[PDB]
Amino acid sequence: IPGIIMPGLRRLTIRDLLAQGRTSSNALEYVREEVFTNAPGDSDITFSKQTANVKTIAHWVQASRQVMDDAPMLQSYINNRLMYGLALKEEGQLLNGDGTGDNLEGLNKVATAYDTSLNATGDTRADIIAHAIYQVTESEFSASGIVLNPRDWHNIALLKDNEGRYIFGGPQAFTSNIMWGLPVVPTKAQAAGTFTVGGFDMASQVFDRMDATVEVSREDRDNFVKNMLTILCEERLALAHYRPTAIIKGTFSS
Amino acid sequence: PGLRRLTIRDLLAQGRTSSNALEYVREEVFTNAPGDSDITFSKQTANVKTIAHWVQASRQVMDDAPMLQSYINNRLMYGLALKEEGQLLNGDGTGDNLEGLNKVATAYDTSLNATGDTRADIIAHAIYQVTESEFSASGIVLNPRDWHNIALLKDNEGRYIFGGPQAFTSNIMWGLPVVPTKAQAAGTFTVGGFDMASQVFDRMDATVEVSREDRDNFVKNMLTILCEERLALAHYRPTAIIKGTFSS
Amino acid sequence: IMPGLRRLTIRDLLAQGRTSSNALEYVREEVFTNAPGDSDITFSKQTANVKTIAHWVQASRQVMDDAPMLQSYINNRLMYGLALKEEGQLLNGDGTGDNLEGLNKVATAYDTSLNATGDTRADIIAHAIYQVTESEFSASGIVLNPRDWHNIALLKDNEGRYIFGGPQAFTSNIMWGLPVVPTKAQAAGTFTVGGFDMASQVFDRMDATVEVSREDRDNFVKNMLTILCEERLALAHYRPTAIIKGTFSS
Amino acid sequence: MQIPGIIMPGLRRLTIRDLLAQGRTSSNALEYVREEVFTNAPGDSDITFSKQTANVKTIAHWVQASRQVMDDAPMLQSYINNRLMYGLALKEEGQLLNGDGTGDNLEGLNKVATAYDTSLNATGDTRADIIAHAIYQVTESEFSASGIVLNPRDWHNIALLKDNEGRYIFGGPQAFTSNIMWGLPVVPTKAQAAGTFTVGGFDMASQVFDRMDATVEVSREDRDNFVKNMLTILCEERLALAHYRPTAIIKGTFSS
Amino acid sequence: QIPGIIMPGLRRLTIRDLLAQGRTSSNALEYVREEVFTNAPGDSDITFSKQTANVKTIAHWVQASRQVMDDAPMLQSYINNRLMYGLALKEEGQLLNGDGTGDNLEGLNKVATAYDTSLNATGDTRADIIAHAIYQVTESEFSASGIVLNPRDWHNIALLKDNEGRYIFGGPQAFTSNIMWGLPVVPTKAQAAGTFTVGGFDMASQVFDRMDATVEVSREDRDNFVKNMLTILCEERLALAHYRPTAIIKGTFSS
Amino acid sequence: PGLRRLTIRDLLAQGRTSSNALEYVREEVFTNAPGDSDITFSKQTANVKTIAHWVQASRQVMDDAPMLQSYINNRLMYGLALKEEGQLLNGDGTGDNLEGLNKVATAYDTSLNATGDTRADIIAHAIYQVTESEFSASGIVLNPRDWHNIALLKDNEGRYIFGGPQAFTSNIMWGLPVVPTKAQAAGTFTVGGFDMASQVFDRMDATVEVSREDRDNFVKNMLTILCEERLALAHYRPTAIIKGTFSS
Amino acid sequence: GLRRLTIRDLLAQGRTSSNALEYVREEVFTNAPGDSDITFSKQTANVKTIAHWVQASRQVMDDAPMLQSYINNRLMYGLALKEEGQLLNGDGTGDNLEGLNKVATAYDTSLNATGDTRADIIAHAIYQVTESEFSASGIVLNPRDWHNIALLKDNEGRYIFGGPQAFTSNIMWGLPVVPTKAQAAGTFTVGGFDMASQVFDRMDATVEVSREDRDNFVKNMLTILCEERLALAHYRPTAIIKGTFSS
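Residues numbered from 1 in each chain as written, not as in the entry; some residues may be left out. Chains lettered and ligands numbered in written order. Heavy atoms only, no water.

Under the annotation held in the PDB entry, chain E carries the name Major capsid protein and is attributed to Enterobacteria phage HK97.

Labelled according to the PDB entry, chain D appears under the name Major capsid protein, originating from Enterobacteria phage HK97.

In structure tokens, the structure reads:
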């Protein structure tokens, strides 16, 4: 049984966008505000019974033993590599999650598509996002956080307004250099050209069932021979989507 | 409550009372009369109507962390304000309803609509029509849709009427706070000195109740969560509130 | 408090002061619009009385026990009727009985020979500022009807272009770097300009006070009260020539 | 005459007085040097020296009134404030700006400042560009700009202006209210002529010396002001202005 | 003796900062390299190959005049902010690419996976050349981290224009930012022209530290005595690892 | 005190000493081909020269005293440092002068300009040759006039290379400290990683002296004011500095 | 010496403790018989400094008896002959004073006799002075313009007024002459300087000595200086009349 320590990537992640929470149950139900994009009348909110189930996320990697069961490496090997990848892998689920099996019901999947019918002609990437921040209000919720890909964020970070003028400001840790006050989270999880916004603040919530724990093997598969101890680190949680209409997903159709 | 917009409640003066009914005079000004230009009072009365929101979701709730609590306190509580603004913004004074600002509001001089005005120029003229009440404009109320357009609205000039689309964010329009919402129907707008045209009295704090036996919940195994808020709207100088819609 | 001050009243435009008397004498700098020679100025042994202005709005009984909402109603709804109304006497007054010698009473007529062919509804004002300098003074600001302001601000040429116009402008209530005061106390088409900065100050004798009578006229019958906030002022004029009054050629 | 002296002035606008270095003195006139900076070509771009001297002039602001009532109410206390001090302080700039430096007038900055080299501005240059050029010319003097002296009117214009894009430049009306410009303070005053602007490094350029703090005096015996029962109130100040490096200042006129 | 902290220029993040940080205590260490095959759609599984890392040493010795050692506050000033950034300026030479022989280290380029030349086109822009690199990084289902190449090449890449004065995606500023496609750039001279390296050095491999950079100085060092003067030094022990070489691409700009 | 412009002194590393001279090693870094790109060493030595600023005047100012100091205080110093850059930026190693960076700087690689590069495109390439020293660029030095044009430059598309005339103020370029000083001759530039390529040591703070006894300051009522300062400039890796010019 | 303190003893003296003098200048009005009143013009007078320098040897640096004799028996006087320049012909800019000739009044030729000598002209000047309501006090001439005058011979082979015997020191028409080289030949000046103007000595004559001056230290030698700070003024410019012998 391993000693323990916690991790944390350089910048913030989606894990910071969703309202924190925890539980002592292997699952739990909740409700969905099926908000119809209904015309001026009875623009009411239908409801849906829905259930949330605790999933398990873990990352593994092997080593050779001894040195590990004696040197700090043991920590340096986890704190920098396992944990690093863990949280990094975590985003994928929350963001691009499949649902089936140990997969978490991804936001993008449940999130409401973008309204292309809402762009005009001389529009730029910047304009689109604006339109997005708007469609987020139709859910009776205000925008709260932006999610783009680094290769894309870097672009918007530096634009001219038909004049040398920089928008959002010059390249200043551009990500930290959050646009429109709202925070930005450029990760590898999100696809290139693909984005997702919404009121992550109230749109959905997260529950932690179990912290990140690490275990070794030395007896797995055929590792006893080649003596390649397998270290594993997992955690348990559950992602819930309350008002999917509070999140929009689109793409810069090139 | 929520954390983003600016609840109409903030625009209207606040306060509270003990009695479930109030009395007051109404400065019903004789606005446009190039002669004796004064105001005539109209002894009115306020009715403390109780408004509330009810959500029926699952039950088990009963057996799980105060979380729920972390629910309605943070989430469901918002659902109240949104519904609250509704009644206030507008509604059939009838029954439990309050006299919506739109109901008592005044028309909008179409004569001001000069050839060449834009959907953004409209609200502008409105600001003036407010001064007619001797008062001045404090805030404007519209829906996300129209606001959106107005905000990210260029011109043949090849430029935004306001700065970049950023304008949309931090609802401020020419030093006058804006408040988009569903309560405001599409195409309809309102302006005026809400800070000083009407006062809202809070009787009792929003109270919550739960049950199933309500309707057919006993069959669904759900629970009706609701929070009732006893409020009573009151208007002083309605001529200050301007109501109108775009030409399009 | 009276912060419906989305604008700045003349009281804020003029120069403040304070006295202890019930009346005060002063030298009226009879500035002659005299030629480039001495065009020398003259002095007049004038004086200023002290009227007592107040605003009233009858309300309903017992509003009393409810709480101090009786309170805000007063501060907020009430002053403004005070100051607003106050802004009236200051602007124009019959200078008779209880009426103060309003600026218009003493204001100097606007020269007509200055009107071109040939000049926009605003150009007229432009000329005013100049005529103001004809008294060895600058321009403090301009006072005109809230409507007329709209026409000035929201005004374009044959094409759609906001010349010094811009909803922004209306919001600012300032043009040519000069403070604009939209007050419905002054009839439309009319306008006043000058160096009020020091053209004439005001003296404060007694701050605003509140009085309520349930015995007033029909109060008893109709069954209600009548609040009343009092106030005592003293408007003075040091150089009326530094004030111009007139209307738009219509 | 006696001295009910003590009351000081206060305005919500930054006077040129503040724009210049503050230094008191005890004399009637003093001698200093003038860094005659030659806008000399790349080589001996050295600055010549000049033996100059400044005289301590005196500014005054008066007004008549009734001794009785005046000598009877805080009006007076307040009378001098918003009327005298306000006027005097205002008139002060009249000398520190467009001074004539004759008889009792001080050597105004503008009257000394160096003209604007219209040689820099080129085609398609908004007024904003003009100022951009100005800020530079003030550098050839080895001194960086400090603040700008502009007329209220023309300030309002420059303040709010777009750029062939909905982008507002400078931020006015928000920052419009005096406040700053490009990071340099702006002193909007009536004194400053129209269309005429002046910019420079007043910070280290010129300096002002005070010989005597402003003081008021009233005389119940002036010009038959006795028989007419109407004393006279006055308020004067003794000071001197020295313009170290002229080039550190430039005066121009927008493209009218 | 015992120092406190290095602190080099920091006007650019060295590969060290690019790679994953690590710290070992043994004079040697074993690990499992993820022999990821660029295997077709099916059993695209990664074989596990056992490996071993040796703990080499590294240091810099700008020797100089025996007079340079009078003033303390000052000289410590010399090395403290002068001597490290020298060394690290160096750690590269071993980290970036090394024979991994004698006292060298397993250079990134040494184990780097050759670029797929069969990806080029008629004439992809000199920039598109790198674009393919990032794509190939997926060969090992790994998200590229940063890009390390020769400073000069960077110049040409940044300053690009079409038939018009159209500073391509790049530009003067971008160059200053040393970050394209939203990926960090380390313009170290250690790389020669036409030589580049791309991959997810973030997790592709981590470096361990055995002993902080120490300092040693002497006179008896070779011909110093005579030619009166000294010799400063900065000893440091590191160990570069590699779990999936497939996560690193080398290749060369030819043209 | 309060100079506004950022002085070179603030662009170069700082430190002090108690000696009159210093010794070090000039990392003669050869721009050597891929192989033995090693850096040679040179036993260099720095001399703590002495610089000052003199001004003549009339004895009177000598007298109002107190004030005077209200002189040498914030007015003259400004003149000292202003001339301080002179020596640093460029000074003949001969005499009391110091090793001017330009006199120690390396030539510019014209091989980089290409038809189509704009004044600004040049200085851009310059930043590159800086990397040659294995160090990166930290700040640029141009004559006020140059910085001007360079700043609000444009192209066909009516746009500034930095989007606004303001660029001038708040000296910055691609995030690189720009120091516009008359010290730098027109049509002449200099860049590099001065931050870590050259240090300055203090041997004595600024000091002033007074004596009419100087020259003919007696026969003519006058006086020489001056403030000396003791410095020493060192150039560890000069290669980290580039210099060249433009067209005119 | 001249026994006539050059130009100095001709003007009212006084003291001052400042650097500027705001005096009232009576812009007289010759005008005509009626409003022959005199206007007033606020005028300012700056205080400039002037001194006389002389080189010496230190052997002298000792011998107060001696040195303390060289100075107040010649140095002190020598300075007067120097300051006389500013007073007489002074300019108004730099370290110069407002000389009388600069504020003087043009001579009336109108009074010249059909046929008279230079001496006669001076008389006219005296009269022209009284026009300002003020009586004349002294006269200013240039040695040579005093030479011929002292040798103005009637074709009667005899001097005018002059007789080697019948004669005294500098004096004419009852007024001093104060011959000086500082005055340009031909150009003269006359008026009631007594009240015409007055000088103010901010500080009495002060003598200082220095060695560190120039190459003296080297060429062992010394520098004695007598500093003097003063400032004069001008009341009735019409009181001073400058004339130029058209002959």
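**Q** How do you make sense of the domain arrangement of chain E when you look at a structure like this?
**A** The parts lose accessible area when they come together, and the size of an interface is often stated as this lost area. Residue and element names in this part refer to chain E. Considered domain by domain, chain E is made up of domain 1 (14–111 + 205–243) and domain 2 (112–204 + 244–255). Once you take the C-alpha centre of each, domain 1 and domain 2 turn out to be 25 Å apart. Each partner contributes residues to the interface: domain 1 has 21 residues there, and domain 2 has 22 residues. In terms of surface lost to domain 2, no three residues of domain 1 exceed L18, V36 and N109, which account for 32% of the buried area on that side. If you look at where domain 1 meets domain 2, you find one salt bridge. A salt bridge links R244 to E34; the nearest nitrogen and oxygen atoms lie 3.7 Å apart. Remark: the boundary between domain 1 and domain 2 carries seven residue pairs in polar contact. Where the side of domain 1 that touches domain 2 is concerned, the elements lending two or more residues are α1 (15–18), β2 (28–36) and α4 (108–111). When residues in the side of domain 1 that touches domain 2 are grouped by element, the largest group, four residues, is from α4. (Domains from an automatic or database assignment. Contact = heavy atoms within 4.5 Å. Buried area = accessible area lost by both parts, 1.4 Å probe. Salt bridge = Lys/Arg side-chain N within 4 Å of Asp/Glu carboxyl O. Polar contact = N/O pair within 3.5 Å; in protein donor to acceptor, adjacent residues only side chain to side chain. Helix = DSSP H or I, 4+ residues; strand = E, 2+ residues; numbered from the N terminus.)

**Q** Is there a simple way to think about the sheet that holds strand β4 (residues 48–56) of chain G in this case?
**A** Strand pairing in a sheet relies on backbone hydrogen bonds. The paired strands run either parallel or antiparallel. Residues and elements named next belong to chain G. Overall, mixed pairing links the four strands, which are arranged β1-β10-β11-β4 in an open sheet. What marks the edges here is a single partner per strand, and that holds for β1 (12–15) and β4. Within the sheet, the average angular offset between the axes of one strand and its neighbour, ignoring direction, is 30 degrees. The sheet contact formed by β1 and strand β10 (residues 198–210) spans four bridges and is parallel. (Pairing = 2+ DSSP bridges. Axes fitted to C-alpha atoms, helices over the stretch in contact; angles between N-to-C directions.)

**Q** Quick question: what am I supposed to make of the side chain of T16 of chain G here?
**A** In this structure, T16 of chain G sits in the loop between β1 and β2 (20–27). A polar side-chain atom of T16 of chain G sits 3.4 Å from a polar atom in the side chain of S18 of chain G.

**Q** What is the right way to read the interface of chain E and chain A from this model?
**A** Taken together, the contact between chain E and chain A spans 27 residues of the former and 25 residues of the latter. In total, chain E and chain A occlude about 2200 Å² of area from one another, counting both sides; carbon and sulfur atoms represent 61% of this. For chain E, the biggest contributors to the area lost against chain A are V32, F48 and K50 of chain E; these three give 22% of the whole. Linking chain E with chain A are one salt bridge. For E34 of chain E, the salt bridge identified is with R81 of chain A, shortest N-O distance 3.1 Å. At the junction of chain E with chain A, the criterion picks out eight residue pairs in polar contact. Elements supplying a minimum of two residues to the side of chain E that touches chain A: β2, β3 (46–54), β6 (179–180) and β9 (206–211) of chain E. Broken down by element, the side of chain E that touches chain A gets its largest block of residues, six residues, from β2 of chain E.

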